[PDB]
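Next come the chains, spelled out residue by residue.
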Amino acid sequence: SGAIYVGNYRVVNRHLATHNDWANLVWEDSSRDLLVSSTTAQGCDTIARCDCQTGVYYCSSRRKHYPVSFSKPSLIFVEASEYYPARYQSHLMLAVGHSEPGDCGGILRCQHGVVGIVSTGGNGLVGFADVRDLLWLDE
Ligand SMILES: CS(=O)(=O)c1ccc(Br)cc1CC(=O)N1CCC[C@H](C(N)=O)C1
Ligand SMILES: [Zn+2]
């Protein structure tokens, strides 16, 4: 579980969004597994605007942060689940690192700020849904 709080926005995995998130919906994209809802309180997370391919992510199944090299956002095939049929997830980045069900929502950060959140994984890999192209989160 986990979310990004920037300005008047909350960014969470779309498959884990709550009733409040859907009642206060700003934007959602099932192909990216992302949903953004509005908040009354102000958020101070900084979003990175870069093309970093290294960073650090939070892994809740280990209560630890790990450094990773990750790929550029692209379309990657993702297996069926209680949340989605089999499909290509877009804007997804892969890294070699530990992740297991329950880890979605962990933040990936580089020196510039928040890069994305855990969205997929398994087999010694971890997948992150990128948020660096959503320029409107800041303004
Ligand atoms: C594939 S797994 O070994 O069950 C796993 C491992 C790590 C992590 Br983080 C998570 C899982 C499950 C997984 O990737 N899901 C379920 C939730 C929605 C995801 C999606 N973006 O379509 C796909
Ligand atoms: Zn960066």
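Rules behind the numbers
- Residues numbered from 1 in each chain as written, not as in the entry; some residues may be left out.
- Chains lettered and ligands numbered in written order.
- Heavy atoms only, no water.
- Donors = N, O, S within 2.8 Å, 3.2 Å for Na, K, Ca; no water.
- Tetrahedral: all angles 85-135°; square planar, octahedral: opposite > 155°, others 65-115°.
- Helix = DSSP H or I, 4+ residues; strand = E, 2+ residues; numbered from the N terminus.
- Buried < 20%, exposed > 50% of the residue type's maximum accessible area, 1.4 Å probe, protein only.
- Domains from an automatic or database assignment.
- Contact = heavy atoms within 4.5 Å.
- Buried area = accessible area lost by both parts, 1.4 Å probe.
- Salt bridge = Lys/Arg side-chain N within 4 Å of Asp/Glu carboxyl O.
- Polar contact = N/O pair within 3.5 Å; in protein donor to acceptor, adjacent residues only side chain to side chain.
- Near = heavy atom within 4 Å.
- Areas by Shrake-Rupley, 256 points an atom, 1.4 Å probe, with all protein chains shown as cover.

As summarised from the PDB record, the model derives from X-ray crystallography at a stated resolution of 1.689 Å.

This paragraph deals with the coordination of the zinc ion (ligand 2). For the zinc ion (ligand 2), the protein coordination sphere consists of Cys50 (SG), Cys52 (SG), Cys110 (SG) and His112 (ND1), at 2.1 to 2.4 Å. Viewed at the metal, the four donor atoms of the zinc ion (ligand 2) are separated by angles of 99 to 115°, and the geometry they form is tetrahedral. Binding-site remark: the zinc ion (ligand 2) is held by donors from one chain whose sequence spacing is C-x1-C-x57-C-x1-H. Of this pair, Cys52 sits in the loop between β3 (34–44) and β4 (54–59) while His112 sits in the loop between β8 (107–110) and β9 (113–122), and the two are 60 residues apart along the sequence. A relative accessible area of 39% means that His112 is categorised as partly exposed.

We now examine the domain arrangement of the chain. Domain annotation of the chain identifies domain 1 (3–44) and domain 2 (45–139). Distance from the C-alpha centre of domain 1 to the C-alpha centre of domain 2: 16 Å. Taken together, the contact between domain 1 and domain 2 spans 21 residues of the former and 25 residues of the latter. Taken together, both faces of the contact between domain 1 and domain 2 bury some 1,900 Å²; the carbon and sulfur share is 59%. Looking at the side of domain 1 facing domain 2, the largest losses of area belong to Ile4, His15 and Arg32, adding up to 35% of the total buried there. Taken together, the links from domain 1 to domain 2 amount to one salt bridge. Across the salt bridge formed by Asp133 and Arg32, the nearest N and O atoms sit 2.8 Å from each other. Remark: the boundary between domain 1 and domain 2 carries eleven residue pairs in polar contact. Residue assignment for the side of domain 1 that touches domain 2 shows that the elements contributing at least two residues are β1 (3–13), β2 (25–29) and β3. When residues in the side of domain 1 that touches domain 2 are grouped by element, the largest group, eight residues, is from β1.

Around ligand 1 sit 17 residues, and of these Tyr84, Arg87, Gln89, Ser119 and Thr120 come closest. About the coverage of ligand 1: the protein hides 78% of its 530 Å² of free accessible area. Going through the elements one at a time, β7 (87–96) and β9 are the ones with two or more residues in the shell around ligand 1. When residues of the shell around ligand 1 are assigned to their parent elements, the largest contribution, five residues, is made by β9.

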